[PDB]
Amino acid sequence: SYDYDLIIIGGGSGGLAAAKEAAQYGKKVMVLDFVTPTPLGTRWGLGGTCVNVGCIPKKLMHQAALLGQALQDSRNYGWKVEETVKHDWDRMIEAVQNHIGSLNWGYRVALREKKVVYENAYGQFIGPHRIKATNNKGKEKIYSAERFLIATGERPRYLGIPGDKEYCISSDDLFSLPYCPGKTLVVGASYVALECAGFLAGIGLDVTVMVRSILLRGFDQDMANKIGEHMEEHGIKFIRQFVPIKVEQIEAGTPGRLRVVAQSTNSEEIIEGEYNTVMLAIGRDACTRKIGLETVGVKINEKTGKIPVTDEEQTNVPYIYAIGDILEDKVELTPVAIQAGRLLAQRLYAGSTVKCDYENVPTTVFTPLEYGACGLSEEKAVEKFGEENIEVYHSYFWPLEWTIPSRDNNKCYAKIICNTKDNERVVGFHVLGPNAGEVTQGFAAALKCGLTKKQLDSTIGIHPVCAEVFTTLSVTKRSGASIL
């Protein structure tokens, strides 16, 4: 009947997870992946955003920055290290790219081994059950499938201003940049913006972040501001309430010199600054517009680009499914895309009825001082259950590892948000400190089990470990008592 049982459009986290699982049940599967280049020409291999141009390289460079601090710390612990150690950009990129290459290859082998056809072509619906794939050299091929999975992801957004596409870079370009960016302006206050600002600073570069309004929209703002205070105290410059209106090249190079003109958000005040590199981290746009969805009848939100979907990841067209960042009002993270792909395959081809649970999905922002969160922000808890029913227990802590280097006391911060109407249920968990993700993972699991403050209090701490602060939280915001 059809060429394939399933055709997956997009070879990112979600698509590949779906492919691997579907093939496990003997189904004929094809993955189409194609990385349309950056304005400046940057391309990469199989695996999608996370592998090539997201989580993996980002965390690796965050580690380069952390190791910078390790070198400093080591002195007081007795290691005889030269007072200032210099860092080499090109060496770091070679090592990162080398790793990304092995993952690119890893996936290509993985799909071959599981009998999944991988086609490096750009997919585009032409009609019911039919898709056209255009390869790099321009050749077209038409394929049919019983079902389709849109796993097409997003790409970085540009400001609609002169000079942006020609002289600025995005996260897409940064992680393979063939030269050290030098003095950098990061435009935006998304997690990607602050993560990159942070590690570029940790490697010793002069970094400025230009923000429109608030830091980390979507996240608990009390933590957001704490992250910002920390970055500002550790070198990073902030320009608040400004957006660039023009970027112009003073001199080309590697890096060259650029002038950025920015306008105030609440007045006609204009400022100028010159930078070596200008990074645009102001959000991402869904890749749902240029894939022929009209030819097949799939409905999307025309304003936001996102695809509405059932709690089973089904679009309005029964045989077409969508997963990943593309989805309307879900969670835009790699492991969510993976779980969604795995579970869809099992529902479709293995008789399972288990759905992807998008509630209380944990995250971590890898800022210089890491931020891990799970559940409701304080604001959202108050909105949902009422100020009077929310008790917020909090405390500062000082990692033992920081005492000998003698730095950053009363900076790491722990808070939980509890619902008094529901047995002091822990509806929100937030930590600012080292290894925030390692700390947050298990408390994410405790939320799935309906963790209560009585239960958390009864759990014994591990000593001396940062996470133990959560075992003995006794001071509430409402009490007004000090936590220094």
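Numbers for residues come from their place in the sequence shown, where the first is 1. Between two forms, the rigid core is the largest collection of C-alphas that superpose within 1.5 Å.
When the other structures are laid on the shown form by the rigid core, the stretch among 81-89 and 146-154 with the greater C-alpha deviation in 5 other deposited structures of this protein turns out to be 81-89. Higher mean CA B-factor, judged across 394-402 and 379-387 from the recorded values: 379-387. The question of which stretch, 361-369 or 78-86, has the higher mean Cα B factor is settled in favour of 78-86.
Within the group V317, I291, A414, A95, the record's highest C-alpha temperature factor is found at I291.
Split the chain's modelled residues into thirds by C-alpha temperature factor. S13 is in the highest one. For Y349, the recorded CA B-factor ranks within the middle third of the chain. Only modelled residues enter the ranking.
Among the modelled residues of the chain, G188 sits in the lowest third by CA temperature factor in this PDB entry. In this PDB entry, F219 carries a Cα temperature factor that places it within the lowest third of its chain's modelled residues. Among all modelled residues in this chain, the alpha-carbon of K114 has a temperature factor (C-alpha) in the highest third.
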